[PDB]
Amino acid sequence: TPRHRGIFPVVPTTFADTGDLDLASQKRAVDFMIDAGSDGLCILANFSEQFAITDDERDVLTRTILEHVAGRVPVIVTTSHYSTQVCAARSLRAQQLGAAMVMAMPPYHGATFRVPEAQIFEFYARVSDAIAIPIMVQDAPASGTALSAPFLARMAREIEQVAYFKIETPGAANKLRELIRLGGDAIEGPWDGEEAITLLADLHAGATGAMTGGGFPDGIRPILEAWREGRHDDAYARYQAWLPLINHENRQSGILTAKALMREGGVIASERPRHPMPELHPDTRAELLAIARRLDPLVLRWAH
């Protein structure tokens, strides 16, 4: 019954080699990910290097990418901010610009500044009140913020637009199972993240969507489709084939993985981060390409 399910990869932010936004490459990345079979796209998330860009740049990218997707697949726009009012305003604008959904971390800042549960609940209520499209709660280590399954489920039951979840804290499968149990019908989207590293456990737990890196959603989507067709052994085989690539993303090359692949495939002009994020080490990048070449992903043969 959910409005959304399947694979929702994170669109990377493309820069020129000198760090300015490279919107021409940005559009190509988007077109490639659509062609790779993505069910939807998530933009301006932490895999998109959003911590490295300014508010003005976020807005340029949100308009640029939504216009370019052109209604082809639903887009989740990341709108996280400590201020409830700022987040609410970003989420309304994203809606007005054509987002299907927004995603927000709970409000926090840095390693030190956190917000009591009661006020986190208010933050999401007020953002929900401002908008008419669903909210995805991002449950990730970078917030340093504990969001228990009961609390998450209580938000989904009591707050109209809270309906989707990116569960990326350790033991996601266990937590997904509990969220689903406690939240019932209100949990529209029990999804995972972490570049699909725990995808097969999370599907057994009831995950119905996955937010992966943007480099090879074509390789991962069939795992979700096999699971959806009731073919758990076939899902195992597909996961086994691609797991070394998912694992190298998750443990070695990280955020830049999708960009190294796209730059190798000629999809984007530069795979660099903005300074000071470090470049991929040479052996790490060489290893990454070597693994990808064993798997023949679309990004290395995208004839556009």
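Sequential numbering from 1, following the sequence displayed.
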{"property": "Which of 145 to 153 and 209 to 217 has higher mean CA B factor, as the PDB entry lists it", "result": "145 to 153"}
{"property": "Comparing 286 to 294 with 16 to 24, the one whose average Cα B-factor in the PDB entry is higher", "result": "16 to 24"}
{"property": "Candidate residues 98, 116, 170, 222, the one whose C-alpha B factor the record puts highest", "result": "116"}
{"property": "Where the record places residue 131 (Cα B-factor, split into thirds across the chain)", "result": "middle"}
{"property": "Chain-relative CA temperature factor third for residue 32", "result": "lowest"}
{"property": "Residue 55 CA temperature factor, ranked by third within the chain", "result": "middle"}
{"property": "Among modelled residues of the same chain, the CA temperature factor third for residue 266", "result": "middle"}
{"property": "B-factor third for the C-alpha atom of residue 165 within its chain", "result": "lowest"}
